[PDB]
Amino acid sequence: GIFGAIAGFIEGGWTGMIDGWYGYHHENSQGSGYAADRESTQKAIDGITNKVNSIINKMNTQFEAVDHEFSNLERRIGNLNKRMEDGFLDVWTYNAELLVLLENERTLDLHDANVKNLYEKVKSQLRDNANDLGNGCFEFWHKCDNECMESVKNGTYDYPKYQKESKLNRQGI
């Protein structure tokens, strides 16, 4: 993946997370679950939808071919019409095919970046209160509440509050 998260340092998707594109998986003494991040998911949806609609709108013009006949003394204009029509056809076929290859590449990148940015959003909050396992997972050095998981997700995580417990744990080991 170009941002390196999707099919990258985060190896796989979650079939379990059915309510979003991007998300959090948590495990705690209370339970374990998959929860989508509403904001990043919705922004991605609004943007991708807009991209599809913009492409559709820019493309809703048509070149119209004609049924006109040409006489045996009209080979040159007849051929002119044919080369003209084929020419526009080739231009538009090219425009759509290339635009689809290009945009598919860029769309997959945009998803990859959104995943990467959520992961970083978490890493900066946790700091050394958690240990980075691979695959985009963090192990807290402290007991983390449901309320605590929510705080990480909604950006409210309190690093000082768990700092002593965490340090004690991190280096008791």
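The numbering used is simple: start at 1 and walk along the sequence shown.
- Look at the mean CA B-factor for 13-21 and for 158-166 in the entry; the higher one is 158-166.
- As recorded in the PDB entry, 127-135 is the stretch of 127-135 and 102-110 with the greater mean C-alpha temperature factor.
- For the set 30, 117, 42, 54, the PDB entry puts the maximum C-alpha B factor at 30.
- When all modelled residues of the chain are sorted by CA temperature factor, residue 145 is found within the highest third.
- The entry lists a Cα temperature factor for residue 65 that places it in the middle third of the chain's modelled residues.
- Ranked by Cα temperature factor within the chain, residue 2 sits in the middle third according to the deposited record.
- Among the modelled residues of its chain, residue 35 has a C-alpha B-factor that falls in the highest third according to the deposited record.
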